[PDB]
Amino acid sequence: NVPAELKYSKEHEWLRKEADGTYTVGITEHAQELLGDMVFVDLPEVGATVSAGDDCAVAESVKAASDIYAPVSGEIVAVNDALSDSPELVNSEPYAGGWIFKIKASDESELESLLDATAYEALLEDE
C-alpha cells in the first residue's frame, strides 16, 4: 500500500500537501506493519521549528519503537491529538486518521530530497 501521489522518506514517513498549503506527515503502511500494535505516540510541540531530518515524534508498539523525522524543514502547526488516546489509528489508518503532525514548510525545494512512490516501492523490495 503505497499511495501514488505521496512523497516518502527512507525512514518510512509520508508527506501529503493539503489544501491550506501545509503538509501532513505520518508513517507508511509498511512502517506500522513493522512496528506492530501501537501503544503510544509521542507527538511534537505545536509551534516548534524543525529542520528536515530532525527527530520530532516517536511511535511505540507492544514490541518496538522508532523515531519519526521531519521530512521537510518548517513549523509544526498541528498534531493529531487523537493519537494520545487511540494510537492504534496509526495501524488501522496510517494514511488517513492515523496522521501524526502537520508542517508549514519553510523551503519547498526540500521536496526534492524525498522519494516518490515508485522509489519507495523499490526501497521496500530492497529491505
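Note that residue numbering begins at 1 and tracks the sequence as displayed. Rigid core: the largest C-alpha set superposing within 1.5 Å between the two forms.
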Superposing the other structures by the rigid core, the farther-displaced stretch by RMS over CA atoms in 5 other deposited structures of this protein, of 92-100 and 60-68, is 60-68
Taking the mean of the C-alpha B-factors per stretch from the entry, tell me the winner out of 42-50 and 63-71.
-> 42-50
Mean C-alpha B-factor higher for 7-15, or for 105-113?
-> 105-113
Tell me, please, which of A31, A82, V58, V90 has the highest C-alpha B factor according to the deposited entry?
-> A82
Would the CA B-factor of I100 place it in the lowest, middle or highest third of its chain?
-> lowest
Taking the chain's C-alpha temperature factors as the reference, tell me which third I27 falls into: lowest, middle or highest.
-> lowest
